[PDB]
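Undergrad: Kindly return the folded structure for what I paste below:
(chains A, B, C, D, E, F and G)
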Amino acid sequence: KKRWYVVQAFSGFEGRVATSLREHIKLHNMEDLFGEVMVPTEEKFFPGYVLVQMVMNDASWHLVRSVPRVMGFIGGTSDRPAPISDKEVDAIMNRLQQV
Amino acid sequence: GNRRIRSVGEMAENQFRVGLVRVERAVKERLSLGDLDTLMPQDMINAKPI
Amino acid sequence: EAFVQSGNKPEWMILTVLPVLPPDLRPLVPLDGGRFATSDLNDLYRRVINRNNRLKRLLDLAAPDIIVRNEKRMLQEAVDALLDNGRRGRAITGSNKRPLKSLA
Amino acid sequence: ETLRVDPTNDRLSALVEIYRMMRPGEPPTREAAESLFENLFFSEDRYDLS
DNA sequence: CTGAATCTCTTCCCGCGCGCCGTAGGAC
DNA sequence: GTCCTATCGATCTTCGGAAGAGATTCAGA
RNA sequence: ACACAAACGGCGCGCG
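TA: Numbers count the residues shown, from 1 in each chain, chains lettered A, B, ... in the order given. Shown next is the structure:
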């Protein structure tokens, strides 16, 4: 089942990542395995970080890191990205529902 | 016999090639991103790194 | 035996508050007026302080656990570099491509 | 002598193993291993003899 | 608990003279 | 043009050496 | 008011 996963990238160029990854996914189009890649914003909880709704597999794993200047996932190990807690996402989205 | 001499011309060229490699990263992404119907090469490559 | 007999107590070894050198001892000379010469120790402090502040924000926001955990390490990393900058797996360097001079 | 030391047996194991060493603590993938291996010594852009 | 064959952060004469030379990314 | 602003950290020309003692580590005894 | 003045860190080449 799809879950949000955490990645970190270069600040500011984060935004470029925010859309570019989707473009890369549309090029190689293992897209249905993906959800959305999202980062909250303020007038800035995450100023140089990423959230990835996806089911994690190698093919997708490499695709994510394909985009340059993305450091990679956070988790127990590189090949084992950790999902954000369901309660965390549901809380944070509400914390994002207000801005 | 195991040793050879490098001169200005040889060393410079290699240095020049290294700069192109750094262009490669920029141009490839731009080319990947570019619409390509109104973008033109001067946009795709910028002098500064080289 | 030495440790107990001494006035030291191991728990102090873990830093919680940190000292910073008097500024004059870490001068920032105006190499060319406003274009000051690099002053590594200030630079390291700058990194740590910023690294510290950013962690504070997330703690304030109560960011998801995984992110803050990474932040904690990154904080430790900066401090590690500040002291030695080379005892860790990789020394940090600026655009000049020279390893910054740590306190030690 | 080496064959006795060698734990790997098949090309899959070889490709996986070498990738692992080149990519410590990173997810293996058969074609990724091959492509990486290709980069090692079989592409000018990463290995070249004048 | 014995054994080498494995393992990595110390050190590398004393002073002097010029010369050069030091964050990235952007309101268009 | 002047002046403002936020991180700084991946993949590229890398390897260019080597004596000496505390872990951790290979083979049983 | 009877008083300061222009070096921080590297690289190359040479010197006894």
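
Undergrad: Number of residues surrounding whichever residue of chain C sits closest to DNA strand E?
TA: Of all residues in chain C, residue C:95 sits closest to DNA strand E, at 3.6 Å by C-beta to the nearest atom of the strand. For the C-beta atoms, the positions are set from N, CA and C on the backbone; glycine is no exception. Residue C:95 has 5 neighbours, counted by other C-beta atoms under 10 Å in any protein chain shown.

Undergrad: any idea how far it is from residue C:43?
TA: When C-beta to C-beta, to the nearest Å is the yardstick, residue C:95 and residue C:43 sit 12 Å from each other.

Undergrad: now residue A:53
TA: On the measure of C-beta to C-beta, residue A:53 and residue C:43 end up 38 Å apart.

Undergrad: One more: residue C:101?
TA: Taking C-beta to C-beta, one finds residue C:101 at 10 Å from residue C:43.

Undergrad: anything in stretch A:81-98 near chain C?
TA: Yes: Stretch A:81-98 is in contact with chain C by C-beta under 8 Å from any C-beta of the partner chain, via A:82, A:84-85, A:88, A:92, A:95.

Undergrad: just the helices in chain C please.
TA: For chain C, the helices defined by DSSP state H cover C:2-5, C:40-61, C:65-83.

Undergrad: ok, residues contacting the second one?
TA: If I follow you right, that is helix C:40-61. Outside helix C:40-61, the residues within contact range by C-beta atoms under 8 Å, 6 or more residues apart in numbering or on different chains are A:45, A:47, A:95, C:18, C:20-21, C:26, C:28, C:67-68, C:71-72, C:74-75, C:78-79, C:81-82, C:85, C:94, C:100-103.

Undergrad: Ok, which of the helices of chain C comes nearest DNA strand F?
TA: helix C:40-61 (4.8 Å).

Undergrad: now check the closest one, is it near RNA strand G?
TA: No: taking C-beta under 7 Å from any atom of the strand as the criterion, helix C:40-61 and RNA strand G are apart, separated by no less than 7.9 Å.

Undergrad: Now do the phi/psi pair for the closest residue to residue A:73 other than its chain neighbours.
TA: Spatial nearest neighbour of residue A:73, chain neighbours left out: residue A:81 (3.6 Å); criterion: C-beta to C-beta, 6 or more residues apart in numbering or on different chains. Main-chain torsions, residue A:81, degrees, to the nearest 10: phi -60, psi 140.

Undergrad: Surely residue A:81 touches residue A:60?
TA: No: if you go by C-beta atoms under 8 Å, residue A:81 and residue A:60 don't touch, sitting 10.0 Å apart.

Undergrad: Lovely, talk soon.
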